[PDB]
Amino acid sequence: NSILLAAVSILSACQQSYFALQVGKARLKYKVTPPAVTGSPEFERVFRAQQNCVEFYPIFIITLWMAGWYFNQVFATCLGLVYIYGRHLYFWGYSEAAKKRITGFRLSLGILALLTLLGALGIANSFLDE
């Protein structure tokens, strides 16, 4: 069983594709011609927000699966849901103003350290039984 992990993962991949879509409409609304990524200030906020998310994505996925596999799938899955929401706050907050990114950011960084902690314990815990 990894079905809960599997659901959360497909969920998050849809959010990441959505964010990429938001940048695509921002190019048109603020007339920023590829390959440029600068000019309009709110475009730079949208672009930078989507970039920070897309960077951290594989890191969320790995910690998510290690925790779910070596600690508990249901608990990890729940944390996973919380992360997806924190990233929803981060993205939309930042789009409006750089200081509105702060809540969603702290939320998503909290979950991530926890996931790391849980995955690290279960992996450790698992090897002392051997």
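All residue numbers are counted from 1 along the displayed sequence.
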Going by the mean C-alpha B-factor recorded in the entry, which is higher: 23-31 or 76-84? 23-31
Identity of residue with top Cα B-factor, from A98, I59, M66, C53: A98
Position of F47 among the chain's modelled residues by C-alpha B-factor, lowest, middle or highest third: lowest
Ranking every modelled residue in this chain by its Cα temperature factor as given in the entry, which third contains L4? middle
